[PDB]
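A.B. asks: Following this message is one structure expressed as structure tokens.
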Amino acid sequence: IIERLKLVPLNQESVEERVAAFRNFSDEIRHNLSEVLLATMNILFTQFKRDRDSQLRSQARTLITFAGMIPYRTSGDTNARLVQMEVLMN
Amino acid sequence: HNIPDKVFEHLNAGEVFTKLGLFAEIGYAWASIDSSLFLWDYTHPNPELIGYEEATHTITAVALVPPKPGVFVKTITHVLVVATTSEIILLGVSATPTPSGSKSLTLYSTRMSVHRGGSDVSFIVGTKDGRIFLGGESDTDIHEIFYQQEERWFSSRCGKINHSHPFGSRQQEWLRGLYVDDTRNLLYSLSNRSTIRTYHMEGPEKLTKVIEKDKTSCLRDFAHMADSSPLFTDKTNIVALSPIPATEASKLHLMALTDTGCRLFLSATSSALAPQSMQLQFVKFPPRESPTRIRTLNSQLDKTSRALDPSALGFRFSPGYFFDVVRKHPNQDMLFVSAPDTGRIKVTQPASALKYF
Amino acid sequence: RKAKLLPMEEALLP
Amino acid sequence: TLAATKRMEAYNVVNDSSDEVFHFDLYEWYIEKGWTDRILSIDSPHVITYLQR
């Protein structure tokens, strides 16, 4: 589902356009960006413990760089947790 | 997508028999090791193994088939048929799309099993309406599995019948593959002697042999063609069939692949409906260019090419996508793939200038 | 992990 | 596991040492092996000087 919405980038090429879109999306959406990134990360996180490894690793990175360039709710705690979950993958 | 390591372990743990297979329509692959079965989603990078180890005897064939309507709850998308040396077992399957890549997959027991009988099962095919047909390497007979919702006192939930019935006086011959064409309610079998048999599903539970065409007939047809060739003789084997649906062509029913790389297109006609006659009409001969590392510098009918000799496996998909597994060496396969030159075909004028580009 | 086989009751109606 | 114990016993000698010339040569060798996530986890302050320099 999250992949269809094209709200969070998963390949590095889409980061530029997805980042620009966030600027004009309703604040009722930007509010919940924090929980979306974490759920999506925790999703990739779970699928990793179950090539594919490279693909998840690449997508993991994408989420981080997006979150890094986006100023949003609880960006502090969220950006940190996102980075930790990516380290455990490797 | 690399085969996950956890089945490579199970494969080497094999004692007598192992087999691999594909469920491409839902994006799953499978491996059987003796009396055990393992499914996995190959699109996934770190796939979980869905195992089924209840089987008591060696598994010889598995297939994924549509369910019979009005038998199971709607959340069951498919039926998993598992043939062992002892039983044919049916399992319920739900391949619902949770939520991102491939279809999440769950198995359901059904309490439906039939004795395998004396005839090996290596080929399982299914129809649109959930009919299940069986065949193998013991003989040419085609079996069908019936299964029902109700428990009845006089019948059973799950049965198996033989649609062929031979008398005494037999000859050694067995099957190489089974092929369904739902658009014409036809079933095709291919034997080791390269005999093509056509069966008609005239009724919902009836199956009737209506054509039997041996290699000799194909060769006689081929002789009466303007161009005979050393690539098709009585030594040649037909290694695969591929039915052509009625929506693609009226006359041409079937394509047959020889081990020399020739594609034979057979027509079939009624005398009036099931067909009663089958005839070899058109041949597409192999290409000449062999695969090279270095590029090479590039009108008569080429009927002698050996670039596809030997063809071990062959598949045709509408509207003419052809895959040929050429086993030139005992170690590596080369893949020959072709498609109709759609551009030139629709530009060509007039109708009489049309060739299979 | 042996696949969990859900019951026939859910599978076939009614 | 005792296998995991001998692992922690080994990497405590390494991470706690006061020889930082050893740490530098160790961090240089971790990269050559592609053990990226290993360098990150180290909490020593000799890694910060190496990466900064």
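Going through the structure tokens in order, the chains are called A, B, and so on, while each chain numbers its residues from 1 and the ligands are numbered from 1 in the order shown.
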Write out as an mmCIF file with N, CA, C and O atoms, in the first residue's frame which residues come within 9 Å of residue 6 in chain C when counting only C-alpha atoms, dropping same-chain ones fewer than 2 positions away.
C.D. replies:
data_model
loop_
_atom_site.group_PDB
_atom_site.id
_atom_site.type_symbol
_atom_site.label_atom_id
_atom_site.label_comp_id
_atom_site.auth_asym_id
_atom_site.auth_seq_id
_atom_site.Cartn_x
_atom_site.Cartn_y
_atom_site.Cartn_z
ATOM 1 N N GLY B 92 -6.141 -26.672 0.337
ATOM 2 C CA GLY B 92 -6.662 -25.342 0.082
ATOM 3 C C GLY B 92 -5.541 -24.323 0.133
ATOM 4 O O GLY B 92 -4.596 -24.470 0.904
ATOM 5 N N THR B 106 -1.209 -19.074 2.436
ATOM 6 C CA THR B 106 -1.590 -19.976 3.525
ATOM 7 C C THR B 106 -2.213 -21.262 2.997
ATOM 8 O O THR B 106 -3.013 -21.237 2.065
ATOM 9 N N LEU B 107 -1.856 -22.382 3.620
ATOM 10 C CA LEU B 107 -2.379 -23.685 3.229
ATOM 11 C C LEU B 107 -3.499 -24.146 4.159
ATOM 12 O O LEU B 107 -3.486 -23.855 5.356
ATOM 13 N N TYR B 108 -4.462 -24.866 3.595
ATOM 14 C CA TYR B 108 -5.575 -25.423 4.355
ATOM 15 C C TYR B 108 -5.767 -26.894 4.019
ATOM 16 O O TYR B 108 -5.784 -27.267 2.846
ATOM 17 N N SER B 109 -5.909 -27.730 5.041
ATOM 18 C CA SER B 109 -6.202 -29.137 4.807
ATOM 19 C C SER B 109 -7.665 -29.265 4.410
ATOM 20 O O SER B 109 -8.482 -28.397 4.722
ATOM 21 N N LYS C 4 1.106 -23.669 9.087
ATOM 22 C CA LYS C 4 -0.159 -23.827 9.794
ATOM 23 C C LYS C 4 -1.276 -24.082 8.788
ATOM 24 O O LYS C 4 -1.530 -23.249 7.911
ATOM 25 N N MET C 8 -10.749 -27.166 7.683
ATOM 26 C CA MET C 8 -11.689 -27.327 6.580
ATOM 27 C C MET C 8 -12.937 -26.475 6.782
ATOM 28 O O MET C 8 -13.545 -26.026 5.803
ATOM 29 N N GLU C 9 -13.329 -26.245 8.037
ATOM 30 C CA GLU C 9 -14.566 -25.523 8.320
ATOM 31 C C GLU C 9 -14.569 -24.151 7.663
ATOM 32 O O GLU C 9 -15.563 -23.744 7.048
ATOM 33 N N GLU C 10 -13.463 -23.415 7.783
ATOM 34 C CA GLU C 10 -13.350 -22.135 7.091
ATOM 35 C C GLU C 10 -13.296 -22.336 5.582
ATOM 36 O O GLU C 10 -14.023 -21.671 4.832
ATOM 37 N N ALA C 11 -12.438 -23.248 5.124
ATOM 38 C CA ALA C 11 -12.224 -23.509 3.707
ATOM 39 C C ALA C 11 -13.525 -23.644 2.925
ATOM 40 O O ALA C 11 -13.858 -22.764 2.128
#
A.B. asks: Can you tell me which residues surround residue 21 in chain D at a distance of at most 10 Å, considering only C-alpha atoms, apart from same-chain residues fewer than 5 positions away, and format the answer as a list in words?
C.D. replies: residues 26, 27, 46 and 50 of chain D
A.B. asks: Would you pick out the contacts of residue 202 in chain B at 8 Å or less, using only C-alpha atoms, so that residues sharing its chain but fewer than 6 positions from it are not included, and give the list as a ChimeraX atom specification?
C.D. replies: /B:185,208,274
A.B. asks: Select all residues from chain A having any atom no more than 12 Å from an atom of chain D (counting only C-alpha atoms, ignoring ligands), output as a CSV table (one decimal) with N, CA and C atoms, in the first residue's frame.
C.D. replies:
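The result, stored in part.csv:
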chain,number,residue,atom,x,y,z
A,83,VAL,N,18.0,5.5,11.8
A,83,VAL,CA,19.4,5.2,11.5
A,83,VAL,C,19.8,3.9,12.2
A,84,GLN,N,19.3,3.7,13.5
A,84,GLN,CA,19.7,2.5,14.2
A,84,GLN,C,19.1,1.3,13.6
A,85,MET,N,17.9,1.3,13.1
A,85,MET,CA,17.3,0.1,12.5
A,85,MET,C,18.0,-0.2,11.2
A,86,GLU,N,18.6,0.8,10.5
A,86,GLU,CA,19.4,0.5,9.3
A,86,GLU,C,20.7,-0.1,9.6
A,87,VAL,N,21.3,0.2,10.8
A,87,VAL,CA,22.6,-0.4,11.2
A,87,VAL,C,22.4,-1.9,11.5
A,88,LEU,N,21.3,-2.2,12.2
A,88,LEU,CA,21.2,-3.6,12.6
A,88,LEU,C,21.0,-4.5,11.3
A,89,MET,N,20.5,-3.9,10.2
A,89,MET,CA,20.3,-4.7,9.0
A,89,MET,C,21.7,-5.2,8.5
A,90,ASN,N,22.7,-4.3,8.4
A,90,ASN,CA,24.0,-4.7,7.9
A,90,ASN,C,24.7,-5.7,8.8
A.B. asks: Report as a ChimeraX atom specification all protein, DNA and RNA residues lying within 9 Å of range 76-85 of chain B, evaluated on only C-alpha atoms, omitting residues in the same chain fewer than 5 positions from it.
C.D. replies: /B:35,37,55-68,90-96,107-108,116-117,120-122,124,130,132 /C:11-12
A.B. asks: Could you please take those selected residues and save N, CA and C atoms as a compact mmCIF listing (two decimals), in the first residue's frame?
C.D. replies:
# COMPACT_ATOMS: atom_id res chain seq x y z
N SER B 35 9.52 -37.03 0.79
CA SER B 35 8.13 -36.92 1.21
C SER B 35 7.81 -35.54 1.80
N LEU B 37 7.61 -31.12 1.17
CA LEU B 37 7.38 -30.05 0.19
C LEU B 37 7.62 -28.68 0.81
N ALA B 55 3.12 -35.61 4.05
CA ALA B 55 3.19 -36.68 3.07
C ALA B 55 4.06 -37.81 3.60
N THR B 56 3.58 -39.03 3.38
CA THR B 56 4.24 -40.23 3.89
C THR B 56 5.20 -40.82 2.87
N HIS B 57 4.84 -40.70 1.59
CA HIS B 57 5.63 -41.26 0.50
C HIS B 57 6.20 -40.16 -0.39
N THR B 58 7.17 -40.54 -1.22
CA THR B 58 7.86 -39.61 -2.11
C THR B 58 6.87 -38.83 -2.97
N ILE B 59 7.08 -37.53 -3.05
CA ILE B 59 6.27 -36.67 -3.91
C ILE B 59 6.80 -36.72 -5.35
N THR B 60 5.89 -36.85 -6.32
CA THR B 60 6.25 -37.03 -7.72
C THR B 60 5.74 -35.90 -8.61
N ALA B 61 4.73 -35.18 -8.15
CA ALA B 61 4.23 -34.03 -8.89
C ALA B 61 3.43 -33.12 -7.99
N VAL B 62 3.53 -31.82 -8.25
CA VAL B 62 2.68 -30.85 -7.59
C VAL B 62 2.26 -29.79 -8.60
N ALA B 63 1.06 -29.26 -8.42
CA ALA B 63 0.54 -28.24 -9.31
C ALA B 63 -0.40 -27.30 -8.56
N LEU B 64 -0.58 -26.10 -9.11
CA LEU B 64 -1.50 -25.12 -8.55
C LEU B 64 -2.65 -24.92 -9.52
N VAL B 65 -3.87 -25.20 -9.05
CA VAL B 65 -5.04 -25.25 -9.91
C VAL B 65 -6.19 -24.39 -9.36
N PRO B 66 -7.05 -23.84 -10.24
CA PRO B 66 -8.27 -23.17 -9.76
C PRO B 66 -9.20 -24.11 -9.00
N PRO B 67 -9.89 -23.61 -7.97
CA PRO B 67 -10.81 -24.50 -7.24
C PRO B 67 -12.13 -24.71 -7.97
N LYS B 68 -12.81 -25.80 -7.66
CA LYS B 68 -14.15 -26.02 -8.19
C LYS B 68 -15.10 -25.04 -7.51
N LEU B 90 -5.12 -33.13 -1.91
CA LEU B 90 -5.58 -31.78 -2.20
C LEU B 90 -5.50 -30.86 -0.98
N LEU B 91 -4.93 -29.67 -1.18
CA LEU B 91 -4.84 -28.66 -0.13
C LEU B 91 -5.48 -27.36 -0.59
N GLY B 92 -6.14 -26.67 0.34
CA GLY B 92 -6.66 -25.34 0.08
C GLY B 92 -5.54 -24.32 0.13
N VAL B 93 -5.65 -23.29 -0.70
CA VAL B 93 -4.64 -22.25 -0.78
C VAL B 93 -5.29 -20.87 -0.89
N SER B 94 -4.77 -19.93 -0.11
CA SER B 94 -5.16 -18.53 -0.23
C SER B 94 -3.93 -17.70 -0.54
N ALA B 95 -3.87 -17.19 -1.76
CA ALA B 95 -2.81 -16.28 -2.18
C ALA B 95 -3.33 -14.85 -2.25
N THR B 96 -3.74 -14.31 -1.10
CA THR B 96 -4.25 -12.94 -1.05
C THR B 96 -3.08 -11.98 -0.87
N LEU B 107 -1.86 -22.38 3.62
CA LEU B 107 -2.38 -23.69 3.23
C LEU B 107 -3.50 -24.15 4.16
N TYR B 108 -4.46 -24.87 3.59
CA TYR B 108 -5.58 -25.42 4.36
C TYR B 108 -5.77 -26.89 4.02
N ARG B 116 -3.30 -43.52 -5.11
CA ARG B 116 -2.64 -43.18 -6.36
C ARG B 116 -2.90 -44.24 -7.43
N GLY B 117 -3.04 -45.49 -7.01
CA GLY B 117 -3.26 -46.58 -7.94
C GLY B 117 -1.95 -47.07 -8.51
N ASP B 120 1.85 -44.09 -12.24
CA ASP B 120 2.62 -42.94 -11.81
C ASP B 120 1.99 -41.62 -12.25
N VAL B 121 2.16 -40.60 -11.41
CA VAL B 121 1.69 -39.25 -11.70
C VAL B 121 2.88 -38.29 -11.72
N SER B 122 3.16 -37.75 -12.90
CA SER B 122 4.24 -36.79 -13.09
C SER B 122 3.71 -35.48 -13.68
N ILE B 124 0.28 -32.90 -13.77
CA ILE B 124 -1.02 -32.45 -13.27
C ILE B 124 -1.40 -31.13 -13.92
N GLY B 130 -11.90 -25.80 -12.59
CA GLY B 130 -11.38 -26.59 -11.49
C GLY B 130 -11.26 -28.09 -11.74
N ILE B 132 -9.42 -31.39 -12.59
CA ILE B 132 -8.03 -31.80 -12.39
C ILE B 132 -7.71 -33.09 -13.14
N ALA C 11 -12.44 -23.25 5.12
CA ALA C 11 -12.22 -23.51 3.71
C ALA C 11 -13.52 -23.64 2.92
N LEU C 12 -14.27 -24.73 3.13
CA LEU C 12 -15.45 -24.98 2.32
C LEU C 12 -16.71 -24.48 3.01
A.B. asks: With only C-alpha atoms counted and 9 Å as the cut-off, give the residues of chain A in contact with chain B, each with its shortest interatomic distance in Å and the pair that gives it, as a tab-separated table.
C.D. replies:
residue	atom	partner	partner_atom	distance
A:1	CA	B:100	CA	6.2
A:2	CA	B:100	CA	7.8
A:3	CA	B:100	CA	7.0
A:4	CA	B:100	CA	8.8
A:47	CA	B:46	CA	6.8
A:48	CA	B:46	CA	6.3
A:49	CA	B:46	CA	7.3
A:50	CA	B:46	CA	5.0
A:51	CA	B:45	CA	6.5
A:52	CA	B:45	CA	3.3
A:53	CA	B:45	CA	5.9
A:54	CA	B:45	CA	8.5
A:55	CA	B:45	CA	7.7
A:56	CA	B:45	CA	7.9
A.B. asks: Put those residues in a file: C-alpha atoms, as a CSV table (one decimal), in the first residue's frame.
C.D. replies:
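Contents of selection-v4.csv, as written:
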chain,number,residue,atom,x,y,z
A,1,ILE,CA,0.0,0.0,0.0
A,2,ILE,CA,2.6,2.5,1.1
A,3,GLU,CA,4.5,1.8,-2.2
A,4,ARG,CA,1.5,2.8,-4.3
A,47,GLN,CA,11.4,-8.4,6.4
A,48,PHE,CA,15.2,-8.3,6.7
A,49,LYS,CA,15.4,-10.8,9.6
A,50,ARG,CA,13.3,-13.3,7.5
A,51,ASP,CA,20.0,-9.7,-3.9
A,52,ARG,CA,17.0,-9.1,-1.7
A,53,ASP,CA,19.3,-8.1,1.2
A,54,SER,CA,20.8,-5.4,-0.9
A,55,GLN,CA,17.4,-4.2,-2.0
A,56,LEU,CA,16.1,-3.7,1.5
A.B. asks: Give me every alpha helix (DSSP H) residue in chain D, going by DSSP on the backbone, as a PyMOL selection string.
C.D. replies: chain D and resi 2-16+20-32+36-41+46-52
A.B. asks: One decimal, in Å: what's the spacing between CA of residue 264 in chain B and CA of residue 332 in chain B?
C.D. replies: 25.9 Å
A.B. asks: Do a neighbour search on residue 159 in chain B at 12 Å with only C-alpha atoms, toss out local chain neighbours closer than 2 positions, and write the hits as a PyMOL selection string.
C.D. replies: chain B and resi 87-90+112-117+132+143-148+155-157+161-162+205
A.B. asks: Kindly export the residues of the current selection with N, CA, C and O atoms, as a compact mmCIF listing (two decimals), in the first residue's frame.
C.D. replies:
# COMPACT_ATOMS: atom_id res chain seq x y z
N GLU B 87 -0.49 -41.53 -2.66
CA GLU B 87 -1.73 -40.75 -2.67
C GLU B 87 -1.67 -39.49 -3.54
O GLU B 87 -0.60 -38.97 -3.83
N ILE B 88 -2.85 -39.02 -3.93
CA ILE B 88 -3.01 -37.68 -4.48
C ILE B 88 -3.74 -36.83 -3.45
O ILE B 88 -4.90 -37.09 -3.13
N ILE B 89 -3.05 -35.81 -2.93
CA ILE B 89 -3.57 -35.00 -1.84
C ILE B 89 -3.95 -33.60 -2.32
O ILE B 89 -3.18 -32.97 -3.05
N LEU B 90 -5.12 -33.13 -1.91
CA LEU B 90 -5.58 -31.78 -2.20
C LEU B 90 -5.50 -30.86 -0.98
O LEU B 90 -5.94 -31.23 0.11
N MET B 112 -9.23 -34.49 1.78
CA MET B 112 -9.47 -35.08 0.46
C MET B 112 -8.19 -35.72 -0.04
O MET B 112 -7.17 -35.06 -0.21
N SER B 113 -8.25 -37.04 -0.24
CA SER B 113 -7.12 -37.80 -0.73
C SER B 113 -7.61 -39.04 -1.46
O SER B 113 -8.58 -39.67 -1.03
N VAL B 114 -6.96 -39.37 -2.57
CA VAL B 114 -7.26 -40.61 -3.28
C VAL B 114 -6.02 -41.48 -3.37
O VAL B 114 -4.90 -40.97 -3.49
N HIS B 115 -6.24 -42.79 -3.33
CA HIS B 115 -5.18 -43.74 -3.62
C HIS B 115 -4.61 -43.42 -4.98
O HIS B 115 -5.35 -43.07 -5.90
N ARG B 116 -3.30 -43.52 -5.11
CA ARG B 116 -2.64 -43.18 -6.36
C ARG B 116 -2.90 -44.24 -7.43
O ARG B 116 -2.98 -43.92 -8.62
N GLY B 117 -3.04 -45.49 -7.01
CA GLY B 117 -3.26 -46.58 -7.94
C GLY B 117 -1.95 -47.07 -8.51
O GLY B 117 -0.88 -46.80 -7.95
N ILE B 132 -9.42 -31.39 -12.59
CA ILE B 132 -8.03 -31.80 -12.39
C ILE B 132 -7.71 -33.09 -13.14
O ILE B 132 -8.28 -34.14 -12.85
N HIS B 143 -6.20 -39.66 -16.04
CA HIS B 143 -7.08 -39.78 -14.89
C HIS B 143 -7.62 -38.41 -14.52
O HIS B 143 -6.97 -37.40 -14.77
N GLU B 144 -8.82 -38.38 -13.93
CA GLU B 144 -9.38 -37.13 -13.43
C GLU B 144 -9.78 -37.29 -11.97
O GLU B 144 -10.27 -38.34 -11.56
N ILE B 145 -9.56 -36.24 -11.19
CA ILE B 145 -9.98 -36.21 -9.80
C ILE B 145 -11.26 -35.40 -9.64
O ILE B 145 -11.31 -34.23 -10.00
N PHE B 146 -12.29 -36.05 -9.11
CA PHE B 146 -13.51 -35.37 -8.71
C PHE B 146 -13.43 -35.07 -7.23
O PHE B 146 -12.85 -35.85 -6.48
N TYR B 147 -13.99 -33.94 -6.80
CA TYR B 147 -14.17 -33.73 -5.38
C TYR B 147 -15.41 -32.89 -5.10
O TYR B 147 -15.79 -32.03 -5.89
N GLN B 148 -16.03 -33.18 -3.96
CA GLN B 148 -17.36 -32.68 -3.62
C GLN B 148 -17.37 -32.02 -2.25
O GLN B 148 -16.49 -32.25 -1.42
N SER B 155 -21.40 -42.32 -2.20
CA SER B 155 -20.24 -41.77 -2.91
C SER B 155 -19.19 -41.37 -1.89
O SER B 155 -19.26 -41.75 -0.72
N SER B 156 -18.21 -40.60 -2.33
CA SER B 156 -17.21 -40.03 -1.44
C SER B 156 -16.92 -38.60 -1.83
O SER B 156 -17.26 -38.16 -2.93
N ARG B 157 -16.28 -37.88 -0.92
CA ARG B 157 -15.99 -36.47 -1.11
C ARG B 157 -15.00 -36.32 -2.25
O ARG B 157 -14.98 -35.30 -2.93
N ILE B 161 -11.07 -41.25 -11.37
CA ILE B 161 -11.45 -42.20 -12.42
C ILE B 161 -10.47 -42.19 -13.59
O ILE B 161 -9.75 -41.22 -13.80
N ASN B 162 -10.48 -43.27 -14.36
CA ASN B 162 -9.66 -43.40 -15.56
C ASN B 162 -10.49 -43.16 -16.81
O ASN B 162 -11.41 -43.92 -17.11
N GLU B 205 -18.27 -33.70 -16.65
CA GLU B 205 -17.49 -34.79 -16.06
C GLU B 205 -17.05 -35.83 -17.08
O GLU B 205 -16.50 -36.87 -16.71
